[PDB]
Each structure stands twice: as structure tokens, then as C-alpha cells.
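*Asks:* Please find one structure pasted underneath; my questions will follow.
There are 4 protein chains.
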Amino acid sequence: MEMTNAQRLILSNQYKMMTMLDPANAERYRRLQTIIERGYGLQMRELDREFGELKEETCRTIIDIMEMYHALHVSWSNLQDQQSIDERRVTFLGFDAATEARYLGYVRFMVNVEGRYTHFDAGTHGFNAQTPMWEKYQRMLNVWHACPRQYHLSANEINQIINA
Amino acid sequence: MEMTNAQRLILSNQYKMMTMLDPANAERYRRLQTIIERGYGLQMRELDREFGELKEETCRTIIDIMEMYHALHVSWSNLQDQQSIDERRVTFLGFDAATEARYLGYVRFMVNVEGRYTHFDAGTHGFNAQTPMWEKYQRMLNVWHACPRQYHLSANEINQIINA
Amino acid sequence: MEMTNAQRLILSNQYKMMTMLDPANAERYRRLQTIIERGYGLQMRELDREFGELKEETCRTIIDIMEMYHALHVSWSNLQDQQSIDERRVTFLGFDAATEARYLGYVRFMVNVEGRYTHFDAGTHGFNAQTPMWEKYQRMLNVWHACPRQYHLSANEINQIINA
Amino acid sequence: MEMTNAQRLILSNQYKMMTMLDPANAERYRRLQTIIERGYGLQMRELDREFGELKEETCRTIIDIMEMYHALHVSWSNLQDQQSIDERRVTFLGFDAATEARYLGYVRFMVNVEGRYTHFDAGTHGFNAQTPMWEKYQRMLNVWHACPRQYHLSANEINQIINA
Ligand SMILES: [Mg+2]
Ligand SMILES: [Mg+2]
Ligand SMILES: [Mg+2]
Ligand SMILES: [Mg+2]
Ligand SMILES: [Mg+2]
Ligand SMILES: [Mg+2]
Ligand SMILES: [Mg+2]
Ligand SMILES: [Mg+2]
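Residue numbers (the authors' numbering), protein chains in the order written: chain A, 7 to 170; chain B, 7 to 170; chain C, 7 to 170; chain D, 7 to 170.
Written as C-alpha cells, this is what we have:
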């Protein structure tokens, strides 16, 4: 992680300030300060990986998937004849903790921190689907966005979407 | 937002420090810290939108409009015969809150914070003209700057300016 | 000022922290914060003006001029015969406050803060020569650096230098 | 130092904050602040030298040298007949304090701060070899990495490595 000298000075000063404000953790700060001041490249790389990225459009796709399930569930709940469509199929199961952790994390963030989609059933494992779901959701979105309405959907439309 | 990782580290450290200094708002800072650390692109873009821009020359134009009204009002008050020029026409009415908010904001900043043009009549709504004025003011400035003097204006000159 | 939005966020956070640490000056910090957040271009430019530049080589030239006077004064005081050479001529008078302020400021910094050349006679006005001296000093340096020794100068050499 | 003005403002604000937090050292900070604000180039360059660099791959090489000595020492201890093979030769002596200070410092950091290779014999001088070792270690690594096993080495292999 490079990282101009001027930035190193700024960071160095921060670790000094953090030591002043929070001496309980001086060890932690002096260590980082040393890494930054001396330009220990290995440890600097390792710092660099504390920082992730989840692209805007990916964030939006996740939110849209949740919105799709909102549209599906409401639509289902207003069907005269729930044409033997199981509620589970119209319920957002979330993402796989093992392979889709970034995505799962974002859902949890959107719900627990931001406060969105709070009336969703989290399931038994806080939206951990336990199977990969990303590819499925993409295909569902495609069918959903292709419908002439997205909300108040017919049983037919619901089935096309959930079976994508 | 196009942050480098070094900048993300700096910001992250700030939110930690702000939590130390102001624990009442730990929630607010922990959230921003998460957004920055994890690189949640959607949330980062929304961070970017909090920062506006009002170009130097636009700032100066606004100040100049106010200065023009100063020149106009002073000129008028020193007219031997105020040739039926209503004071209202020689009074800075400000900007439209609905479509010219940035401009209105700057006027208020220049007056209330900076302390300039304190003796101006703010009107009943703190310089909310309630109609767009920007285009009018530009035409007035053109006539005003074209006068061979800008101050101690003749009634004739005053009329040309206010009728631009 | 050409700030990126990330930098504006960093600065904004600093002004919030400075308000926490030093509430006596909340108004000053609050005002800067507004300027930065809203991107008020005029005020941002005026912010830029707070920051000067004095190039490395200019800094070094000033220090060297002082060192030259050290060499001159020691040389003079060690002379069996000071050939009617006035001590004043071998004394660093400093710089013109009115036209050479940057230079005068640096001398004062080097002496009062850094602690260098503290045995120099500051004169009655803290190294303010109150005539411009920069061009003279340049010519003196040229003669001085051209001398085969720079120290333990002969009366002859001293005269060539001070008369440059 | 190649600081932008925005960075200078950030740094200047830090030194203000550090003075608030730690007034005992106001002098230290006021001085740096002056250097930064006024752009005193000489002193600004001297700041830069406070920051060092030790490339990632060099950091890794040092760690690998230590790991090599771990592999060597364990292998030797497990030897049923140490065709002895003085233990001294299979012990990491460190780096020369006088010419390999950057390296020596990194070892000390990895051991004392990070907590790695804590069972290593530090010798009488905390890994100061007092002779240059860098070139030797490189040749040893070359032989070591060329062995089909890196660990559980034969006495033969140990000798090839230590004699590289
Ligand atoms: Mg790694
Ligand atoms: Mg949000
Ligand atoms: Mg938006
Ligand atoms: Mg203009
Ligand atoms: Mg101003
Ligand atoms: Mg110095
Ligand atoms: Mg030097
Ligand atoms: Mg490590």
C-alpha cells in the first residue's frame, strides 16, 4: 500500500493522537506507527487488505434482489388463490456464508444497521442461505424486470420468476 | 467516491478518534467506519453527495450583485430628485429558495457568518426573493459595469440598470 | 484549492474534532467546515493563501549568508591588524522587513526557534536591516565561495567580500 | 516533500490538535506547523528523511532467512549423529548493526513486537552479528530452496547450506 510520504506523516500523527486519546491501546498504535514510519512493506501490504470493496452496482443488485422478494411476497399475499405456491419460495433466503460472505455481510448491514427490510423473515441463521444463491437471483431478476408490472403480480408471473 | 486505500485508512482512524471524543455518536461513526473499511460503494457514493461546489467566479458574481445594489441604493438616497424610483427597485431582494438555493445559501453565509452587507434589508424571508432572479441580475451587472462610473449614479443610469 | 472529495471529508472531520477538543472556537471551526462541505470556491481560494512557499535552495542560501558572516566576523576578530575595518561591516544586518519579509521571517525562525546563530548581534530590530540586502548578499557569497579558504580570511579577502 | 496544499492544511490541523491534546509538547508542534504553513523547503525535506522504506520482498527475504535457520536447527537437533556440526553454525546470528541496520531492525521488530521466532537464541547483542551477513544468507537460501526437502534435512544437506 503506497502511500505518499505526506500521507505517511498524516497517519503517523494519527497514531500519536490515538495513543494520547486511548493509551490502553498504545501498543497497537505504536506498532502501526513503526510500520508506517519505517515503511515496512510486508506489513504495509497486510494493512492494505483490511480494506475491502463492494462495487456500487453490486450493492444495488443485492438491494434489488431483496426488493424483488418484497414484490413477490406482497403479490403472493394478495393472491386469491395461492396456486399451491409455498410461502418459502417467495421468501428471501439470503446468501451462502461460505462462498458469498461479502453479499451476506451487506444484507446484514442493510437490515441491522441501515434498518431496511426489517419485516423480512431472517430465517434461523440471519439470512445465511447455506447454499450459493447469487446466480439464481440474477436469473430471477431478469424475469422480474421483464414483467410489465413488477408489483401486484399474477400467480403465473410469480412462478416464472421463482423458477428462473 | 474515488478514495485511495491510504485515505480510507486516514478516514477510518478519524472515525475511531471521533468515537473516543464523542461516544454519544459512536453509532454514527461506527457505521461510516464500516462503509469506509468494507468499501461499500453505494454508501460511499452517497457520502460524496454531501459535498457541494460553488465555483469561485459564481461566489464572486453573487457578491458583486450585492455590491451593485449597494451602489444603486447609495446613489438613489443621494438623488436630489428621486424621480419616482421606488426604493424597492433599488433593494436587493435575494434569490429563489426553490430553484436558486445554493445562491441564497451563499448570500446568507456572506451576511450572517461573514458579516458583510449587514445593513441590507433582508426583507420578510431572509433574502428569499421567491422568484428566480439570477438571469435578471446578470443583465443588471452588464449595464452597471458598462456605466463610466459605478458609484454616485444618475437617476438615468439607475433606471437603465434596474430595467435591464 | 484543488481538494478531492475524500480530502474534503478528512478536513470536515478534523473541524468536527477540533470543535470537540476546543469548543471555545467552535464558530471558527464551524465556519471552515461549511466552506469545505459546501465547496465555497472563493473562501477555499482564500484558504489556499494561508500557505506560503520558501524553496529549499533559498532556505539554504539564507543560512549560508549567515554562515558567511560567521566566517567574516571570526576572521576579523582574529586579525593582528584590522585594517580600519569596521566591525559593523562584518556584522549580519539581516533583511528588509518591507520587501524581504519571507527572508527576514526565516532568519528569525532559524535563530529564535531552531536556536542557530544565537550569538549573532540581532541589532535594534531583530535582524531587520530596513534596506534591501538580498542582491548584495548574493555578490558577497560569490566572492566568499571563490576564496581558497572560507575561514581564517585575510583582511584583504574580507575587504573583497564586504565590498562585492 | 511534495505535499499538496490540501495535505498541508490537514497536517497543520493535526499539529493544532496535537497541541490541544498534548500541550507539554506545544513547542514541537508549533514548529512543525510553521514549517508546513510557510512551506520552509529545507525543513520539509528533513521531515521526509524521517520516513524509511524496506520493500516487501526484502522483508520476506529476512523472514525466510530466519525460517531457514529454524529448518536447519530442528534438522540438526533431530540428527542421530551430528557429524558435528557445531550448533553455532546452525544458529541465526543476525545482521551487522553498522552496515545492515535496516535489516537488523526488522529482525528485532519481527521478534520483539510481532512475537515471531521467540525461541531463537538472540546471542549476547540482540541479533547483532557484528559482521555483514546479507550476502552469505542469500547464498544459503539458494542452496536451501534447491534441496528437495526444506525440512528434516540430512547432515549432508545441512553442510551444503551452511557452507554456501
Ligand atoms: Mg499475506
Ligand atoms: Mg442507505
Ligand atoms: Mg442515490
Ligand atoms: Mg463578475
Ligand atoms: Mg470573506
Ligand atoms: Mg534545522
Ligand atoms: Mg541535510
Ligand atoms: Mg505479521
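By construction, the Cβ of each residue, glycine as well, lies at the ideal position given by its N, Cα and C atoms.
(1) Would you say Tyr123/A faces chain B, with C-beta separation under 8 Å as the test?
(2) Identify, in the order they occur along the chain, each residue of the same chain with its Cβ nearer than 7 Å to the Cβ of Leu99/B, setting aside the five sequence neighbours on each side.
(3) State the CB to CB distance for the pair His158/A and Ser81/A, rounded to an integer number of angstroms; the pair is presumed to be in contact (CB under 8 Å).
(4) Looking at the structure shown, is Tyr123/B part of a helix, part of a strand, or coil, going by DSSP?
(5) Would you please state the rounded distance, in angstroms, between the beta carbons of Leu48/A and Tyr21/A? I believe it to be under 8 Å.
(6) Is there a Cβ from chain D that is less than 8 Å from the Cβ of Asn84/A?
(7) For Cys65/A, report the span of its alpha helix (DSSP H) as first-last.
(8) Would you verify that the beta carbon of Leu38/D is, or is not, closer than 8 Å to some beta carbon of chain C?
(9) Thinking just about the alpha-carbon of each residue, which of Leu60/D, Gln86/D, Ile167/D is nearest to the one in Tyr143/D?
(10) Among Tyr46/C, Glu59/C, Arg14/C, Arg108/C, whose alpha-carbon lies nearest the alpha-carbon of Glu43/D?
(11) Just checking: is the beta-carbon of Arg44/B within a distance shorter than 8 Å of some beta-carbon in chain A?
(12) Could one say the Cβ of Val119/B lies closer than 8 Å to chain C's Cβ atoms, at least one of them?
(13) Here's the rule: buried if 16 or more other CB atoms are within 10 angstroms of the residue's CB, otherwise exposed. What is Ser83/C?
(14) Just to confirm, does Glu52/A get its C-beta within under 7 Å of one of the non-hydrogen atoms of ligand 1?
(15) Just to make sure I have the definition right: I need the residues of chain C whose C-beta is within less than 8 Å of the C-beta of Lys22/D. Which are they?
(16) How about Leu15/B and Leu53/A: are their beta carbons less than 8 Å apart?
(17) Per DSSP, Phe101/C forms a beta bridge with which residues?
(18) Please state if the CB of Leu27/C and the CB of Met74/D are separated by a distance shorter than 8 Å.
(19) According to a CB-to-CB cut-off of less than 7 Å, which residues of the stretch 132-160 of chain A neighbour chain B?
(20) For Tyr46/D, which residues does DSSP report across the bridge?
(21) Would you tell me roughly how many angstroms separate the C-alpha atoms of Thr97/B and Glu163/B, rounded to the nearest one?
(22) Would you list, in chain order, the members of the stretch 57-68 of chain D that have their beta-carbon closer than 8 Å to a beta-carbon of chain A?
(23) Spell out whether any CB of chain B is found under 8 Å from the CB atom of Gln49/A.
(24) For ligand 8, I want to know if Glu62/C counts as a neighbour, meaning its beta carbon is within less than 7 Å of at least one of the ligand's heavy atoms.
(25) Can you tell which of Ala161/C, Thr105/C, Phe126/C, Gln88/C has the C-alpha that lies nearest to the C-alpha of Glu141/C?
(26) One question on the structure: do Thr40/D and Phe115/C come within less than 8 Å of each other, judged by their Cβ atoms?
(27) Could you name the residues of the same chain whose beta carbon sits closer than 8 Å to that of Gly45/A, not counting the 5 residues immediately before and after it, in chain order?
(28) Is the distance from the Cβ of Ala161/A to the Cβ of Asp87/A below 8 Å?
(29) Measuring straight from C-alpha to C-alpha, what distance separates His131/A and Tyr123/A?
(30) Quick one: Cα of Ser90/A to Cα of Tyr109/A, how far?
(31) Is the separation between the beta-carbon of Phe126/B and that of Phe101/B shorter than 8 Å?
(32) If you draw a straight line from the alpha carbon of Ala77/B to that of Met146/B, how long is it in whole angstroms?
(33) How long is the line joining the alpha carbons of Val149/A and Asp70/A, rounded to whole angstroms?
(34) With a threshold of 8 Å between beta-carbons, can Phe101/A be considered close to chain B, or not?
(35) Report buried or exposed for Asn19/A, applying the criterion of at least 16 other Cβ atoms within 10 angstroms of its Cβ.
*Replies:* Judging by the given coordinates:
(1) At a cut-off of 8 Å between beta carbons, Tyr123/A makes no contact with chain B.
(2) Cβ within range, chain order: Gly129, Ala135, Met139.
(3) 6 Å between Cβ atoms; contact.
(4) Note: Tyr123/B maps to coil in three-state DSSP.
(5) About 18 Å separates the beta carbon of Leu48/A from that of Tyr21/A, a gap too long to meet the 8 Å contact definition.
(6) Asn84/A has a beta carbon lying at 8 Å or more from every beta carbon in chain D.
(7) Boundaries of the alpha helix (DSSP H) around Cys65/A: 62-83.
(8) The C-beta of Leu38/D comes no closer than 8 Å to any C-beta of chain C.
(9) Nearest C-alpha to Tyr143/D: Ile167/D.
(10) Nearest option by C-alpha distance: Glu59/C.
(11) Taking CB atoms only, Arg44/B has a neighbour in chain A less than 8 Å away.
(12) With 8 Å as the cut-off, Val119/B counts as an interface residue toward chain C.
(13) Sixteen is the threshold: since fewer than 16 other Cβ atoms of the shown chains lie within 10 Å of the Cβ of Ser83/C, the residue is exposed.
(14) Result yes, Cβ under 7 Å from ligand 1.
(15) By Cβ distance, chain C contributes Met24.
(16) It is a contact, given that the beta carbons lie within the stated cut-off.
(17) Under DSSP, the beta-bridge partners assigned to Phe101/C are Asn134/C.
(18) No, these two residues do not count as a Cβ contact at 8 Å.
(19) For the stretch 132-160 of chain A, no residue has a beta-carbon sitting nearer than 7 Å to a beta-carbon of chain B.
(20) DSSP, once it has assigned bridges, lists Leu60/C as partnering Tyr46/D.
(21) Each residue's CA atom was taken as its position, placing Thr97/B and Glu163/B some 16 Å apart.
(22) For the stretch 57-68 of chain D, which is checked against every Cβ of chain A, the residues closer than 8 Å are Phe57, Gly58, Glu59, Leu60, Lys61, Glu62, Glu63, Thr64, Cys65, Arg66.
(23) It does not; no Cβ of chain B falls within 8 Å.
(24) Taking the Cβ of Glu62/C as the reference point, every heavy atom of ligand 8 lies at 7 Å or farther away.
(25) Out of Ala161/C, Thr105/C, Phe126/C, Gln88/C, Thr105/C has the C-alpha closest to the C-alpha of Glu141/C.
(26) The Cβ-Cβ distance between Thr40/D and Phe115/C falls below 8 Å.
(27) For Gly45/A, same chain residues with a beta-carbon under 8 Å away, outside a window of 5 residues either side, are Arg14 in chain order.
(28) Going by C-beta atoms, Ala161/A is nearer than 8 Å to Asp87/A.
(29) Distance between the alpha carbons of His131/A and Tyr123/A is about 16 Å.
(30) Distance between the alpha carbons of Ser90/A and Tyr109/A: 31 Å.
(31) If you check the CB distance, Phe126/B and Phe101/B do not come in under 8 Å.
(32) In a straight line, the C-alpha of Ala77/B is about 12 Å away from that of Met146/B.
(33) Across the structure, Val149/A and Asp70/A are spaced so that their CA atoms are roughly 13 Å apart.
(34) Not closer than 8 Å to any Cβ of chain B, the Cβ of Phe101/A fails to qualify, so no.
(35) Buried: at least 16 other Cβ atoms inside 10 Å.
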